[PDB]
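> I'd like to ask you about the structure that follows.
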Amino acid sequence: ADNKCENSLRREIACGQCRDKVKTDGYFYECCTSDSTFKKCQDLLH
């Protein structure tokens with residue numbers, strides 16, 4: 001994949017709390033897979 005939760009947990013944490021506070025542990029895959037989204041999640045987690 002094009003960079004996923006295999007890099008720095010810095011992005012994994014975001015997606016986590018993100019799709020974990022708005023969606024579920026079944027959506028965290030969206031960011032973990034897509035980066036464009038992670039940028040939208042981290043923006044909220046801050």
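Scheme for the structure tokens: letters A, B, ... for chains in order shown; per-chain residue numbers from 1; ligand numbers from 1 in order shown.
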Need to verify the contact set: residue 27 (chain A), 12 Å, only C-alpha atoms, exclusion of same-chain residues closer than 5 positions in sequence. Can you return it as a ChimeraX atom specification?
/A:15-22,32-34,37-38,41
> Give the alpha helix (DSSP H) residues of chain A, as assigned by DSSP on the backbone, as a ChimeraX atom specification.
/A:9-21,28-33,35-45
> Write out the residues from the selection above, keeping N, CA, C and O atoms, as a short mmCIF file (atom, residue, chain, number, x, y, z; two decimals), in the first residue's frame.

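After the write, again-v6.cif holds the following:
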data_model
loop_
_atom_site.label_atom_id
_atom_site.label_comp_id
_atom_site.auth_asym_id
_atom_site.auth_seq_id
_atom_site.Cartn_x
_atom_site.Cartn_y
_atom_site.Cartn_z
N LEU A 9 3.90 5.58 14.21
CA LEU A 9 2.61 5.49 14.88
C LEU A 9 1.97 6.87 14.99
O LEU A 9 0.84 7.01 15.44
N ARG A 10 2.70 7.90 14.56
CA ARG A 10 2.19 9.26 14.61
C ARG A 10 0.89 9.37 13.82
O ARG A 10 -0.02 10.11 14.21
N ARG A 11 0.81 8.65 12.71
CA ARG A 11 -0.38 8.67 11.88
C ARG A 11 -1.39 7.62 12.33
O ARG A 11 -2.60 7.78 12.15
N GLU A 12 -0.88 6.55 12.93
CA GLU A 12 -1.73 5.48 13.42
C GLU A 12 -2.59 5.95 14.59
O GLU A 12 -3.74 5.56 14.72
N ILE A 13 -2.01 6.81 15.42
CA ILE A 13 -2.74 7.32 16.57
C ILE A 13 -3.92 8.16 16.11
O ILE A 13 -5.03 8.02 16.61
N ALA A 14 -3.66 9.02 15.14
CA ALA A 14 -4.69 9.88 14.59
C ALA A 14 -5.87 9.05 14.12
O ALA A 14 -6.94 9.06 14.73
N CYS A 15 -5.66 8.33 13.04
CA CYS A 15 -6.68 7.48 12.46
C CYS A 15 -7.42 6.75 13.56
O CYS A 15 -8.65 6.62 13.53
N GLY A 16 -6.67 6.27 14.54
CA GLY A 16 -7.26 5.56 15.65
C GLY A 16 -8.33 6.40 16.33
O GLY A 16 -9.52 6.27 16.03
N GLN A 17 -7.90 7.28 17.23
CA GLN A 17 -8.83 8.15 17.95
C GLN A 17 -9.87 8.72 16.99
O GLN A 17 -11.05 8.85 17.32
N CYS A 18 -9.42 9.04 15.78
CA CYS A 18 -10.30 9.60 14.77
C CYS A 18 -11.50 8.70 14.52
O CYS A 18 -12.57 8.92 15.07
N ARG A 19 -11.32 7.68 13.67
CA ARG A 19 -12.41 6.77 13.35
C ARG A 19 -12.88 6.00 14.58
O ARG A 19 -13.73 5.12 14.48
N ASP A 20 -12.33 6.35 15.73
CA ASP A 20 -12.71 5.69 16.97
C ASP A 20 -13.60 6.60 17.82
O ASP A 20 -14.21 6.14 18.79
N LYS A 21 -13.68 7.88 17.44
CA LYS A 21 -14.51 8.82 18.18
C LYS A 21 -15.71 9.25 17.34
O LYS A 21 -16.72 9.71 17.87
N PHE A 28 -11.08 2.79 10.80
CA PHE A 28 -9.68 3.17 10.96
C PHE A 28 -8.86 2.68 9.78
O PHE A 28 -7.74 3.12 9.56
N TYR A 29 -9.42 1.75 9.01
CA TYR A 29 -8.71 1.21 7.86
C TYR A 29 -8.67 2.24 6.73
O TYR A 29 -7.75 2.24 5.91
N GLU A 30 -9.66 3.12 6.70
CA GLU A 30 -9.73 4.16 5.67
C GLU A 30 -8.45 4.98 5.66
O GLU A 30 -7.82 5.12 4.62
N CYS A 31 -8.07 5.52 6.82
CA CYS A 31 -6.87 6.33 6.87
C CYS A 31 -5.63 5.45 6.77
O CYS A 31 -4.76 5.69 5.94
N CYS A 32 -5.56 4.44 7.63
CA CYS A 32 -4.41 3.55 7.63
C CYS A 32 -4.02 3.17 6.21
O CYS A 32 -2.87 2.84 5.94
N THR A 33 -4.99 3.21 5.30
CA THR A 33 -4.74 2.86 3.90
C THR A 33 -4.53 4.11 3.06
O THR A 33 -3.58 4.19 2.28
N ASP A 35 -3.76 8.19 2.73
CA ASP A 35 -3.08 9.26 3.44
C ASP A 35 -3.90 10.54 3.41
O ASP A 35 -4.00 11.25 4.41
N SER A 36 -4.50 10.83 2.26
CA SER A 36 -5.32 12.03 2.11
C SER A 36 -6.30 12.16 3.26
O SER A 36 -6.54 13.25 3.77
N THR A 37 -6.87 11.03 3.68
CA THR A 37 -7.83 11.03 4.78
C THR A 37 -7.13 11.32 6.10
O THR A 37 -7.59 12.16 6.88
N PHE A 38 -6.03 10.62 6.36
CA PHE A 38 -5.28 10.82 7.59
C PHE A 38 -5.07 12.31 7.86
O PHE A 38 -5.12 12.76 9.01
N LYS A 39 -4.82 13.06 6.80
CA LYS A 39 -4.59 14.50 6.93
C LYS A 39 -5.85 15.19 7.44
O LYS A 39 -5.78 16.26 8.06
N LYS A 40 -7.00 14.58 7.19
CA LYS A 40 -8.27 15.14 7.64
C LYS A 40 -8.58 14.70 9.06
O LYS A 40 -9.29 15.40 9.79
N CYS A 41 -8.05 13.55 9.45
CA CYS A 41 -8.28 13.03 10.79
C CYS A 41 -7.36 13.71 11.80
O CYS A 41 -7.81 14.18 12.84
N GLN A 42 -6.07 13.76 11.48
CA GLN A 42 -5.09 14.38 12.35
C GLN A 42 -5.48 15.83 12.63
O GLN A 42 -5.23 16.36 13.72
N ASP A 43 -6.10 16.47 11.64
CA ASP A 43 -6.52 17.86 11.79
C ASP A 43 -7.48 18.00 12.97
O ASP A 43 -7.50 19.02 13.65
N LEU A 44 -8.28 16.96 13.20
CA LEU A 44 -9.24 16.98 14.29
C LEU A 44 -8.56 16.58 15.60
O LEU A 44 -8.71 17.26 16.61
N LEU A 45 -7.83 15.48 15.57
CA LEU A 45 -7.15 15.01 16.77
C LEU A 45 -6.21 16.08 17.30
O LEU A 45 -6.22 16.38 18.49
#
